[PDB]
Amino acid sequence: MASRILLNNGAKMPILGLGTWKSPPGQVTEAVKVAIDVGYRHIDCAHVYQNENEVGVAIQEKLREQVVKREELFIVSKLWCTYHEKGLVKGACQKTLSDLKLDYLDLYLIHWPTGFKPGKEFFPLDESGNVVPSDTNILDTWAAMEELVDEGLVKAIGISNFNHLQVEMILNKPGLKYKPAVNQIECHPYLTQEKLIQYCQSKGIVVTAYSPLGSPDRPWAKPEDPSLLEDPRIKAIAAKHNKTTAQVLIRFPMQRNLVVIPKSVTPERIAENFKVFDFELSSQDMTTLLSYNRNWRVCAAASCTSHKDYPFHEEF
Ligand SMILES: NC(=O)c1ccc[n+]([C@@H]2O[C@H](COP(=O)([O-])OP(=O)(O)OC[C@H]3O[C@@H](n4cnc5c(N)ncnc54)[C@H](OP(=O)(O)O)[C@@H]3O)[C@@H](O)[C@H]2O)c1
Ligand SMILES: O=C(O)COc1cc(F)ccc1C(=O)NCc1cccc([N+](=O)[O-])c1
């Protein structure tokens with residue numbers, strides 16, 4: 001299986017990347033250094049993760065060391081919700097570029113379809129706890145993203161957490177100049193996303209699967225929650241293939257023609273998670289893993305469920 005997938009901007013994207021949400025700032029520099037040393041060439045970042053400076057230190061040190069050339073790296077970041085206004089998009093991108101110590105991003109995503117009021121707070125709230133929306137609409141934010149391509153700041157633009165009607169809205173934008181290259185969505189055996197994936201792929205949009213291990217370190221995890229890494233049925237598939245459960249969970253989206261971005265700050269796991277190019281799940285394995293779907297979604301914000309662009313009211 002080829003290690004990169006061709007995007008609709010003509011560039012190739014590594015199908016395995018390193019996630020960085022929740023990677024502590026005092027550990028993420030070493031995590032990214034180790035990842036690059038063991039073969040990762042794609043890093044998934046975001047301004048809201050509050051660790052792009054430290055990610056950037058690692059990237060810059062490996063470029064300076066000539067462990068890797070810039071053209072071999074595929075660096076992704078995301079425009080946070082408080083920067084959807086057209087006049088804020090460029091500065092938000094520039095802050096990410098400055099922090100990552102780069103002069104372009106390979107891919108820049110609208111992080112969520114919901115725009116929030118600009119200001120210092122990433123989740124501006126009213127006095128009852130609802131997020132304060134922006135009166136920005138995704139189409140104007142998209143035009144601002146297109147301008148980043150034309151200014152040389154980013155090679156590709158895309159979207160994240162867009163439902164199929166929101167994807168369709170952009171694809172139907174009057175005067176659309178660049179199609180989204182990627183839609184990055186939650187996807188794993190408990191949230192298999194068949195409908196949304198088929199739609200995006202049929203339009204030439206590459207899907208990236210986030211939280212492929214079920215995000216066991218998410219801050220709102222409960223003790224009774226489903227656990228992919230502990231599911232005996234998945235452990236059994238892993239044992240049959242002489243692989244770890246995490247390796248099965250990473251290989252699964254790869255065989256659906258998805259990109260996948262498991263997060264770790266543990267050096268041994270960073271290396272383990274990359275050793276997924278030397279085995280194949282059978283069709284039966286794939287269909288069996290798909291059968292575990294329960295529509296169990298771990299990444300959503302209750303504060304956003306009344307936002308006009310909240311993405312998860314729709315079936316898909
Ligand atoms: N676009 C979006 O809205 C969005 C939302 C969520 C996530 N994402 C992206 O997707 C990335 C991945 O998702 P995620 O961080 O939610 O969770 P994840 O990758 O599903 O799971 C990460 C957790 O799994 C553990 N882990 C990693 N490899 C393991 C292994 N081999 N064995 C056992 N445990 C292992 C990690 O522990 P250690 O780190 O302690 O090793 C960490 O607790 C994020 O970091 C972020 O880059 C994007
Ligand atoms: O959004 C991510 O990539 C991961 O989740 C977060 C990471 C952060 F650093 C900070 C916050 C979140 C978070 O709450 N993310 C969830 C979220 C955000 C925005 C809008 C919605 N929504 O449902 O409309 C949901």
Side-chain angles (χ1 to χ4, degrees), residues 7-9 11 20-21 43-53 55-56 75-85 87-116 118-119 121-126 129-146 148-163 165-185 205 208 301 303-307 309-311:
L7 301 180
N8 64 10
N9 76 334
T20 65
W21 176 37
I43 315 294
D44 183 75
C45 308
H47 176 67
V48 78
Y49 301 164
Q50 301 183 226
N51 60 5
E52 293 193 311
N53 190 39
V55 172
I75 309 304
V76 183
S77 186
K78 320 188 190 78
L79 178 76
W80 184 249
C81 300
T82 54
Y83 307 95
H84 281 208
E85 279 74 9
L88 299 182
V89 168
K90 188 181 189 184
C93 185
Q94 289 178 314
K95 170 56 169 163
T96 281
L97 286 170
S98 179
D99 286 350
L100 292 171
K101 294 160 279 276
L102 300 174
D103 60 9
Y104 67 93
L105 296 173
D106 296 276
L107 177 64
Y108 196 51
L109 304 177
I110 305 182
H111 201 153
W112 290 84
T114 52
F116 304 164
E121 288 175 17
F122 289 156
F123 286 82
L125 306 180
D126 67 28
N130 306 294
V131 76
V132 179
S134 173
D135 71 15
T136 55
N137 70 288
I138 63 179
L139 302 185
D140 290 331
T141 306
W142 190 253
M145 297 287 285
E146 293 176 325
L148 302 176
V149 175
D150 289 329
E151 295 170 314
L153 272 67
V154 310
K155 300 296 187 194
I157 50 173
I159 58 189
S160 184
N161 303 292
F162 279 45
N163 71 31
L165 297 183
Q166 294 168 326
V167 178
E168 187 173 57
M169 283 194 284
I170 293 176
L171 293 176
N172 295 335
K173 177 183 181 301
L176 182 67
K177 193 174 187 183
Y178 304 116
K179 292 173 197 172
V182 166
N183 189 13
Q184 179 182 129
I185 64 176
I205 300 171
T208 300
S303 63
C304 296
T305 54
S306 291
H307 193 295
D309 303 310
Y310 178 70

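All residue numbers in this chain count up from 1 along the given sequence. Atom set for the values below is all heavy atoms of this structure, side chains included, hydrogens, waters and symmetry mates excluded.
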Here the pair of heavy atoms bringing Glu52 nearest to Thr96 is OE1-OG1, 2.7 Å

Criterion side-chain contact (heavy atoms from CB on, under 4.5 Å) on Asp44 and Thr208, from CA distance to verdict
CA-CA 10 Å; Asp44 183 75; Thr208 300; 5.8 Å; no

Pair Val48-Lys78, side-chain contact (heavy atoms from CB on, under 4.5 Å): steps then yes or no:
CA-CA 8 Å; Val48 78; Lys78 320 188 190 78; over 6 Å; no

Distance, nearest 0.5 Å, that separates CE of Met169 from CZ of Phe162:
7.5 Å

Between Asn51 and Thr20, is there a donor-acceptor pair closer than 3.5 Å when you use the side chain of the first and the backbone of the second?
yes

In this structure, NZ of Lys173 is separated from CG of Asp140 (nearest 0.5 Å) by 7.5 Å

Exactly one of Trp80, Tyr108, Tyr83 clears ring pair (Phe, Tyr, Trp, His ring centres under 6.0 Å) with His47, and that residue is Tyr83

Rounded to the nearest 0.5 Å, what separation is found between the OG1 atom of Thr141 and the CD1 atom of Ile170?
8.5 Å

Spatial distance of atom OH (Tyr310) from atom CG (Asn161) [nearest 0.5 Å]
10.0 Å

For the student: nearest non-hydrogen atoms of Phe116 and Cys304, plus distance:
CZ-SG, 3.6 Å

Minimum heavy-atom separation for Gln184 to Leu109, with atom names?
NE2-CD1, 3.6 Å

Can you check whether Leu105 reaches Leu100 side chain to side chain, under 4.5 Å on heavy atoms?
yes

Look up atom OG in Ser160 and atom CG in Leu79, then write down how far apart they are to the nearest 0.5 Å.
11.5 Å

Could you tell me if the side chain of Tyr49 sits less than 4.5 Å from the side chain of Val55, heavy atoms only?
no

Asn183 side-chain N/O to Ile205 backbone N/O, donor-acceptor pair under 3.5 Å:
no

Donor-acceptor pair, distance only, cut-off 3.5 Å: does the side chain of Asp106 make one with the backbone of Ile75?
yes

Taking the side chain as every heavy atom from C-beta outward, state whether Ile159 and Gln166 have any pair of such atoms under 4.5 Å apart.
no

What heavy-atom pair brings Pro113 and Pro311 nearest, and what distance separates the two atoms?
CG-CB, 3.9 Å

Go through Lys95 and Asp99 one step at a time and tell me if the side-chain contact (heavy atoms from CB on, under 4.5 Å) criterion holds.
CA-CA 6 Å; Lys95 170 56 169 163; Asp99 286 350; 2.8 Å; yes

Between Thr114 and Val131, does the side-chain contact (heavy atoms from CB on, under 4.5 Å) criterion hold? Intermediate values first, please.
CA-CA 10 Å; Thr114 52; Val131 76; over 6 Å; no

Looking at every non-hydrogen atom in both residues, tell me the closest pair between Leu176 and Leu171 and how far apart they are.
CD2-O, 3.7 Å

Would you say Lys179 and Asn9 are linked by a side-chain donor-acceptor pair, where the criterion is simply a distance under 3.5 Å?
no

Specify the closest pair of heavy atoms between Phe122 and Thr82, including all atoms of both residues, with the distance to one decimal.
O-CG2, 3.6 Å

Has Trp112 got a side-chain atom pairing as donor or acceptor with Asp309's backbone, closer than 3.5 angstrom?
no

Of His84, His307, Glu85, which meets side-chain hydrogen bond (donor to acceptor under 3.5 Å, both in side chains) against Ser134?
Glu85

